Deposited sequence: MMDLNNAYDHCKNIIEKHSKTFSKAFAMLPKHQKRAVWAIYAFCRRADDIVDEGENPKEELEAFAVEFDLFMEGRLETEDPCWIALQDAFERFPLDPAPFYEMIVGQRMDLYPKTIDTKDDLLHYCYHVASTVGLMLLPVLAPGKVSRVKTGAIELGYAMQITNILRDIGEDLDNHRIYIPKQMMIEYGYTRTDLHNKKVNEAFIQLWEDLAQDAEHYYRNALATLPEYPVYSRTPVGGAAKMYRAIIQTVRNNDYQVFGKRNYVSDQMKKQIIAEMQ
C-alpha cells in the first residue's frame, strides 16, 4: 500500500489498543500524529510478542533482527508498520537508542523475574515505558529534547506504575508480580495474601505508597508542559491526566483490582479542560 494507507493501518492499531492514547494523539498536527501512530505500532508489536506470543524469545529475536535491518536502511518489505516507520524516521530526527532500549525491556519479561526494590521497579518501568516517551520526544518537542527529557522519563514511570497498580490481578493470573517484594515485607502483605486476592488494609497501604510515587512523577512531568510547543501541550497533558485518572478510579472502586477504566465521559472532560 501507499504511505497514507500504511499510516492508516497504524491508526487502527492505536485506536483498537488505547482509547486514551489514540484520543490524545489525534489532537496533534498531521505529520506529527502519523509519526506517533507508527512509533506506537512498533512498541505495540514488541510488547505483544512478549505478552501474547507463543514463543516470545524466538519471535522477539526476529523482531530485533528486522529492526537492525531497518536501521541499516536495507529492510525491503510490504509490512505497513515498517513502511510507516520508515517515513517517520526519514521525516523527523528519531533516535534509534530508545527503540533498542525498549527491546531490552521486553527481554526482561521473557523469563521469571522478581521485583525486589523500588529501584528494580523503576529500572523495568524505564525500559518498557520511559523509552516510549523518549522515542516520541523528537516529534513532540523538536529542538527541546534535553530540557523535557527528565519529565518524559518520569511520565513513563508514572504511567507504567499506574498500569501495574490497575493490573495486579490480571498479572497475577499470568504468573507475573511487579509489586516490589521489599514493599510487601514492609507492609506485611504476604505472597499468600496476594494469592488469595486479599484487599486488606496492608494491601491498601502498599497500593497507596506506589500510587503516591506515580502521582509525584505525574506532577513532575506536568511541570515541564510549558516547555513543549503549543501543539503538543494538550496531547501530552491530556494523555498524562487521563492515564493518571486510572488511580482515582481504582480508589473510588475500593481498590478492587482482582477482577478498572476511566469512563469515556471522564476522558472527554479531561480533554476539554486541557483545551
Got a list of the deposited-sequence ranges with no coordinates? 1, 261-262
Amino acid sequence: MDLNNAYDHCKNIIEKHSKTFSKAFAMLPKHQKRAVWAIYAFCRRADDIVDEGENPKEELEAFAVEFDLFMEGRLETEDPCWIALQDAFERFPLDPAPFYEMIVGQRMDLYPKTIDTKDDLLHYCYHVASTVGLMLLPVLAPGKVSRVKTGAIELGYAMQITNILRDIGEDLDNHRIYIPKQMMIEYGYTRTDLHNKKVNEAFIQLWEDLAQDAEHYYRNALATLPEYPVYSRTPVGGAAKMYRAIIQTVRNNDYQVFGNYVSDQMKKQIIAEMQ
From here on, numbers count along this sequence of modelled residues.
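Basically, rigid core = biggest C-alpha set you can superpose within 1.5 Å across the two forms.
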Greatest C-alpha divergence in 4 other deposited structures of this protein once each structure is fitted on the rigid core, 105-113 or 130-138: 105-113
Taking the root mean square of C-alpha distances over all structures and residues in 4 other deposited structures of this protein, with a rigid core superposition, name the larger of 5-13 and 263-271. 263-271
Averaging C-alpha B-factors over each stretch, which comes out higher, 143-151 or 157-165? 143-151
Selected stretch [higher average CA B-factor]: 193-201 or 91-99: 193-201
Hey, out of 249, 220, 212, 55, whose CA B-factor is highest in the deposited coordinates? 55
By its CA B factor, does residue 51 count among the lowest, middle or highest third of the modelled residues in the chain? highest
In terms of the CA temperature factor given in the entry, to which third of its chain does residue 134 belong: lowest, middle or highest? lowest
Split the chain's modelled residues into thirds by Cα B-factor; residue 115 lands in the highest
On the chain's distribution of Cα B-factors, residue 183 falls within the third called highest
Ranked C-alpha temperature factor of residue 74 among modelled chain residues, by third: highest
